[PDB]
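The chain below stands alone, shown as structure tokens; this is the form deposited in one PDB entry.
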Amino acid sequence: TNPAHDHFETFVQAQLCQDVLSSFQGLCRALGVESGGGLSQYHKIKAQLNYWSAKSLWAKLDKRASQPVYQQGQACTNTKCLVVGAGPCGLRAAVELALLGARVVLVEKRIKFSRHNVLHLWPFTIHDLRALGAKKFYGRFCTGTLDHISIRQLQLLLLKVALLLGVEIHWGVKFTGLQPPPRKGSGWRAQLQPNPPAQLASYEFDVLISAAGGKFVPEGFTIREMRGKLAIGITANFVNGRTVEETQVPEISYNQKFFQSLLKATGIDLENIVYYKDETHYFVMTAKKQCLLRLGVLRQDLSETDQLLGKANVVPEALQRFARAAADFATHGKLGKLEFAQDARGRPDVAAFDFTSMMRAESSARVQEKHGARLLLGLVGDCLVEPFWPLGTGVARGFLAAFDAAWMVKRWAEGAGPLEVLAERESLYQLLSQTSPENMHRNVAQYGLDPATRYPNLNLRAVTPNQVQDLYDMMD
């Protein structure tokens, strides 16, 4: 037997977040290496795992790792990064930084991946994951003409790569803010909860990339907030037994006469509903507040969206008989008595969500300088832009914010100059909405950090550094 061979293989097969870390520390032990020690650790790992079950992955990884851009991992060799949040994008950012050769510390306030909700995928993201060795880390990946990963399956897959490329990950730790460098001869340090491990508290860094999801407002940035008429969104996951007759029900994605025939037997009033068949029978529907008060899923009509959706106002029981009512008729009962999958809490996976307010940051980047040290702050993903989930551009643009944040760190580690690096980034960010698979570079395969492999007719000078004068924060 060969502990190293065995540990790598359960590590790859791992379906629990606490088991990715477990088997990995074991592989590190077996290969006489450490985790969170960068590419020198990655290089020591791969060389000693020169065997059938691993070699195709190193080719894939190194092929990317040696794309013209990363300078064979020498570009950001003098850059210390802090990445906040281990959602899909944050991890993608870490991967990108790891490859650029930056020191990568990722902090994350949870301790597991418990979200089942299925995410639609763009042709280009599908391929990106494939090139990162998704097919080894995940069996049922974009399986068939299917183009959807589940949140946790994505996170697991990405985490395994983050670890391989030597990202230092700390769990159960909350980013709160920043410690200003107290003197002429210090650097920027984070502010973490609950009390972080010795080194992490003293870990200094010039690049902070926060991918801490929609709800986190990072100090200094201005968030624009558009509100329209209310849209309540229900999501539901039912267990996929994958029985022959259970896997013979087509996927779905008020206009058609179906949304009309839904009111007949069930009396459920929905404008649109979506079905995905993944690890779970995924359903997402947009409900009318008019009928949610009627069939008593919401207890009482509160005029302010936020309050109308609290744990108190939402009846959990009726939400299940509402969700299964829509799900049962939607498949014409071809899936039988559907049982919910659980959280997170043993609670059944069903949630009433908000679709009313779309948060967008005014700038995607900000630089802070105090007593000599420069700090580059970048947003990536949901905290940069809040996506209309029915359209499904979240993973697409998060991954884009990630690529365009890594390009920023590249120019940064060339000393390009605060006002400039921002102007490049902000010229690219001005595109982040327009972006569709329709208006972007056709050769998906050729996609890389160089933003012009992605954006046709790109203008790096759409914003002059004189238009961003106050995104640079000279505190003295």
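Throughout, rigid core stands for the largest set of C-alpha atoms superposing within 1.5 Å between the two forms. Residue numbers run from 1 along the displayed sequence.
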According to the PDB record, deposited residues with no modelled atoms between residue 253 and residue 254 number 4 to 9
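Just so you know, the form deposited in another entry exists too; it's not on screen, but the next bit is about it.
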Superposing on the rigid core between this form and the one not shown, the only one of 111, 265, 302, 312 with a Cα displacement of 2 Å or more is 265
task = Verify the C-alpha shift of residue 248 between this form and the one not shown: is it 2 Å or more after superposing the core?
result = yes
